[PDB]
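Everything below concerns the one structure shown next.
Residue numbers (the deposited numbering), protein chains in the order written: chain A, 71 to 206, 214 to 291; chain B, 30 to 44, 53 to 137, 145 to 251; chain D, 1 to 106; chain C, 1 to 174, 188 to 232; chain C', 145 to 174, 188 to 192; chain E, 1 to 120. A prime marks a further copy of an entry chain.
Printed below as a string of structure tokens:
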């Protein structure tokens, strides 16, 4: 009790995506866009797919550093493209200045930046299972009211710096309330965004020799 | 013995066309022959009525909709017949394909008023396992004790009103766990009947 | 296929002896191995189902047993009407293969 | 509180923390909260719901037929029908129960379980079964008359078609109970009636179940 | 399925062995119901 | 009794069709899942084909897998098995018996009672 509740079952912020600001060699981007996705790792997916409707706001932390763990003074910009704003397309792009997209200007050699995204959804709660077609085969069960936004990350620079920056996005679920519990997924996850499984069914329980043996 | 899903009768959203016993009648769909080789069936929540009587006129010629249901399954079985059904209502029942082609056919996600026979009832056709399907609202049909199962389902969705021809809230599955058996000289196909009765329905956005 | 096969291709014993015919499976087949007795020219009757239990009419002289991957059949004392063919059948491996034969002599 | 010295533990990021952060969109008014039916606020209330056990989990038996215990006619008295350990969280028949999965999302647990049995044979079919439970100390009993001197419940499925075997206590901190189903009587039927039925077992957790030290699973 | 959307009564003769179908009105002055 | 009888076999040129009947009675031939087993001249019983308990599902081994076509009358109490363009080394005493991977309450009558076997 109080440790099996739904509020605690989804605590303990975990890594939801490892994005990388490729800036050296044959990938002189200097920026990167990471579409906010909760069901990125199977471990978190299977837990989130226990309920049908869920309502929660998230706190995002960015543990960024170079590829040899050193944290120089390089400045970074974390821009939060809201759900329904055009995303940037280059290191030097007008979108990086739009005052409607909140930005966080922190350096590599600083405590990881930590923001708090609110509950951004048209409906009352997020819908992991949406039986039906949107836009009244490649569309069944795709709810568009689950998009939380985009996190665009760039090094504030003029020319290519020559240093790849690996970022580890950490998300914490707060104020969570879940609805309509569901059976936990038993088969594998053959593809993302779909419940598609494989032909060769895998029995939930392990198979023993005889029914009367322990 | 009416399993009131989640302990909530369907109610009118406080203050839209609110129909009456003309639409709140008892739609008795076609029967389905339950055989030994039978795997199961499932009917979507409002898709099973979108082409049946008045409810098929109020749903297609509108834009918003919300209603509960009174699904009621009965099996006209003899006393020398044995078997068991699992009648469960699955909110947001999302069907999944089975790759050895990636997305479910439209006939399998909106079967109509005839239902679609399961191709792999062990996994509920949705990845999740049938063994845990009892976490949903359900009622057993065990031919040795009773052959009736009534489920009262409220309106379960995120938005108050939603479309009726695109988003099908739940799906009434009927799966035989213990297969049917009988000695020679009996009705080799137990019939299964399903009765639907929309409760506290509403509509909006005419034509 | 699992290819459960019987080791004695042909055996010969006395009218009071105790034959021991085996059927060595390759993969894990569980307790889903049967024994089918075939007449010299007639149909094929069943002896054991699920490797242990006699059928509804089989005598007491027959009996099944399991030992790891060495599913076997052992007759009590080899009475008359026994010097016929024998088969082992498993229904775990979905191809549902068979074995060889244990036509007994004397 | 103007002069302060930074005590150790500064500039550190501890994942399992309940700190605060600035809202990245102030003034924003999220979609209000309407009453959606069926909120669950505890995984215990999910465990206490009965689901099926794959008691027939055996090499070869595929499909839904793994959830069925075969009770047939020519199974002589005092013979054994089925047996399964009481361990919700070890690989076995409990691995298909809502308790058998949630208990794999945690480290320790302790409480009382229950195993409701259900007969799915003809109405005319009568008989009797012995359902015995063995504490973790002993081992599986070898004979029917050896299990009658235990904690059992004789089951006349002809009269009453479903019983419940409440497990007193099962704690996992560091050797687990066993439930056996014995053929008390034969399986008697009138003419023109099938001579092979099935038993369906359903497992749950009583209102004293507890969980501790949440952790990831092994799928 | 064309008559279910009418004025009917489903009859489970296994449970109840006799029912009644009350005709609302039948007037002969000058085109009659069907059961 | 489970009285099954096979009939309808005989000689045929390599390449054609030759059905087979397993009309059985004395038991409910509407709930049991039957199957076909072939006894080659080498006295090695090999699985031929199977059929569900309602004639809807079918597992074809690598022996035919596209050539043999099983069926089930289920009303005239008969069992069919096609021999479309049989191969050269395909002569056998095609027995028919019960047993099937479908019919969840199976694994008990797996080839419990057999027929008689007609040659080809």
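For every residue, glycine included, the Cβ atom is placed at its ideal position computed from N, Cα and C.
Where residue i meets chain B, residues with beta-carbon distance less than 7 Å
i                      : result
residue 178 of chain E : As shown, chain E starts at 1 and ends at 120. That puts residue 178 of chain E outside it, with no answer to give.
Collapsed DSSP secondary structure at residue i in the structure displayed
i                      : result
residue 179 of chain B : helix
residue 168 of chain A : coil
residue 102 of chain C : helix
residue 195 of chain A : coil
residue 94 of chain C  : helix
residue 103 of chain D : strand
residue 45 of chain C  : helix
residue 109 of chain E : coil
residue 77 of chain A  : helix
residue 225 of chain C : strand
residue 76 of chain E  : coil
residue 157 of chain A : coil
residue 172 of chain C : strand
residue 123 of chain C : coil
residue 38 of chain D  : strand
residue 113 of chain A : helix
residue 282 of chain A : coil
residue 4 of chain E   : strand
residue 188 of chain B : coil
residue 98 of chain D  : strand
residue 134 of chain A : strand
Status (buried if at least 16 other CB within 10 Å, exposed otherwise) for residue i
i                       : result
residue 263 of chain A  : buried
residue 129 of chain B  : buried
residue 89 of chain E   : exposed
residue 52 of chain E   : buried
residue 69 of chain B   : buried
residue 191 of chain A  : buried
residue 200 of chain C  : buried
residue 101 of chain E  : buried
residue 137 of chain D  : This structure leaves residue 137 of chain D out entirely; chain D is present only between 1 and 106.
residue 70 of chain D   : exposed
residue 40 of chain D   : exposed
residue 97 of chain C   : buried
residue 157 of chain C' : exposed
residue 184 of chain A  : buried
residue 105 of chain C  : buried
residue 50 of chain C   : buried
Under 7 Å by beta carbon: chain E residues contacting residue i
i                      : result
residue 232 of chain B : 30
Interface residues of chain C facing residue i [CB-CB closer than 9 Å]
i                     : result
residue 32 of chain D : 58, 59, 60, 61
residue 33 of chain E : Result: empty, since nearest Cβ-Cβ is about 12 Å, beyond 9 Å.
Any non-hydrogen atom of the ligand SAM within 6 Å of residue i CB
i                      : result
residue 233 of chain A : The ligand SAM is not among the ligands present in this structure, which contains no ligands whatsoever.
8 Å Cβ cut-off: residues of chain E touching residue i
i                      : result
residue 245 of chain B : Ordered by position in chain E, no residue passes the 8 Å Cβ test against residue 245 of chain B, which lies about 37 Å from the chain.
Chain C residues whose Cβ lies nearer than 8 Å to that of residue i
i                     : result
residue 84 of chain A : 15
residue 25 of chain D : The contacting residues do not exist; residue 25 of chain D stays about 10 Å from chain C at best.
Neighbour list for residue i in chain A, Cβ cutoff strictly below 7 Å
i                      : result
residue 80 of chain C  : 289
residue 229 of chain C : 113
Any chain H beta carbon closer than 7 Å to residue i
i                     : result
residue 91 of chain A : Absent from the structure: chain H. Protein chains present are A, B, D, C, C' and E.
Chain-ordered chain A contacts of residue i [CB-CB under 9 Å]
i                      : result
residue 240 of chain B : Near residue 240 of chain B there are no residues of chain A at all, since even the closest Cβ is about 18 Å away, more than 9 Å.
Neighbour list for residue i in chain D, Cβ cutoff strictly below 7 Å
i                      : result
residue 112 of chain E : 46
Chain A residues whose Cβ lies nearer than 8 Å to that of residue i
i                      : result
residue 250 of chain B : What residue 250 of chain B touches in chain A: nothing, since even the nearest Cβ is about 16 Å away.
Listed by chain order, chain E residues near residue i by CB distance under 9 Å
i                      : result
residue 139 of chain B : Within chain B, the sequence of modelled residues goes 137 then 145, so residue 139 of chain B has no position in this structure.
Chain-ordered residues of the region 80-98 of chain B with a beta carbon less than 8 Å from chain C' = Closer than 8 Å at the C-beta level to chain C', one finds these residues of the region 80-98 of chain B: 89, 90, 91.
Note down, in chain order, all residues in the region 198-215 of chain B with a beta-carbon under 9 Å from any beta-carbon belonging to chain A.
-> From the region 198-215 of chain B, only 200, 201, 202, 203, 204, 206, 207, 209, 210, 211, 212, 213, 214, 215 have a Cβ closer than 9 Å to chain A.
For the region 113-131 of chain B, which residues have a beta carbon sitting closer than 8 Å to at least one beta carbon of chain A?
-> Taking 8 Å as the Cβ-Cβ cut-off against chain A, the residues of the region 113-131 of chain B that qualify are 128, 129, 130, 131.
Could you give the uninterrupted runs of the beta strand (DSSP E) lying entirely in the region 56-114 of chain B, keeping only those of 3 residues or more?
-> Counting only runs of 3 or more, we get 69-71, 78-81, 101-105, 109-112.
Against chain C: residues of the region 154-173 of chain A by CB proximity under 9 Å | 172: these are the residues of the region 154-173 of chain A whose beta carbon lies less than 9 Å from some beta carbon of chain C, given in chain order.
The region 36-63 of chain D: positions lying closer than 7 Å to chain C by Cβ = For the region 36-63 of chain D, which is checked against every Cβ of chain C, the residues closer than 7 Å are 56.
In the region 204-246 of chain B, which residue ranges form an unbroken beta strand (DSSP E) of at least 3 residues, counting only runs that do not cross its ends?
-> Runs found: 214-220, 234-240.
What residues in the region 163-177 of chain B bring their beta carbon closer than 7 Å to a beta carbon of chain A?
-> Listed by position, the residues of the region 163-177 of chain B near chain A (Cβ gap below 7 Å) are 164, 166, 167, 170, 171, 172, 173, 175, 176, 177.
Selection of the region 75-101 of chain D by Cβ proximity to chain E, strictly under 8 Å | Against chain E - using a Cβ distance shorter than 8 Å - the residues of the region 75-101 of chain D are 85, 87, 89, 91, 94, 95, 96, 97, 98, 100, 101.
In the region 197-225 of chain C, which residue ranges form an unbroken beta strand (DSSP E) of at least 3 residues, counting only runs that do not cross its ends?
-> Whole beta strand (DSSP E) segments, 3+ residues: 209-218, 223-225.
Listed from N- to C-terminal order along the chain, which residues in the region 16-37 of chain C have their beta-carbon within a distance smaller than 7 Å of any beta-carbon of chain A?
-> Per Cβ criterion, the list reads 16, 21, 22, 23, 24, 25, 28, 30, 31, 33, 34, 36.
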